[PDB]
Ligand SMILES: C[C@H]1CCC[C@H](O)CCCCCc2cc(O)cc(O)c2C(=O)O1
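Just the one chain here, the form solved without this ligand, laid out as structure tokens.
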């Protein structure tokens, strides 16, 4: 029931995903690990709220069968809250490079002006990273299973219902429950990537038309490949998750900027994406990664 252009569109996205998603995280190496006034204090209090929402332990399984586990320190009003930030900055940077490589493989993305490519990746990188993370998220154990690395949500005092208050966690549980196919995830990534309303986009009409083509392909994929009645509104559920993910993106970017102000953690590539200091001149790494 899909057109050939739709089947080819999905094949290119799946090809790009296969080439650029290290699902085992086997090439994520050389990462850092936690070591073995008035307004300023206001800033610190807000940052403590930002970091407290997402608290995870880190597990490292060795080739020999050994297991290293890191339990995060409780908040005592000090830099210890930033213990896992160097590690997460390396993980985010690794994931961002994989997202950049994903976009570059796609013909519809490569044929765009390079400044639109920069603007689209700047606005969507976090979203595509979370979409990839959802495919390794274990909702039964609350753990992102990243090959030999695992990030396990810490039992907060409150239980699931307390975790669901955090939009990012509620997003992963709700998306995982839809039990999407690989093809549906990669179409979600394309719809997010080709968002015409991203800051700094100039060819809005071209991107909007490309986004509609992917959305129609996703809508048609669901109609043709899922039991018609029960999945009647699955496409709309997916689109609603994408709108919520864009909101979570804006919130996390503001959290990152607040943490960066008081306690620098972002890598040079992360600084370009977050706007930390011509689109190309303000994004030289991203420009190099796109032109190679």
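Residue numbers count along the first chain shown, from 1.
Here the subject shifts to the form solved in complex with this ligand, a form of this protein not shown in this document.
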Practice item. May I ask whether 181, 215 and 240 each come within 4.5 Å of this ligand in the deposited complex, counting any non-hydrogen atom? Key: no
Review point. Does any heavy atom of residue 87 come within 4.5 Å of a heavy atom of this ligand in the deposited complex?
Key: yes
Review point. Would residue 172 sit within 4.5 Å of this ligand in the deposited complex, counting heavy atoms only?
Key: yes
Exercise for review: Flag residue 144 as yes or no: does it have a non-hydrogen atom within 4.5 angstroms of any non-hydrogen atom of this ligand in the deposited complex?
Suggested key: yes
Practice item. Please run the contact check for residue 56 against this ligand in the deposited complex: heavy atoms, 4.5 angstroms, yes or no? Key: yes
**Study point:** Heavy atom within 4.5 Å of this ligand in the deposited complex - the one residue of 109, 151, 102, 221 that qualifies
**Key:** 151
Exercise for review: Could you tell me which of 87-95, 110-118, 207-215, 194-202 sits within 4.5 Å of this ligand in the deposited complex, going by non-hydrogen atoms?
Suggested key: 87-95
Point to revise | Interface residues of 105-138 toward this ligand, as seen in the deposited complex [heavy atoms, 4.5 Å] | key: 130, 133
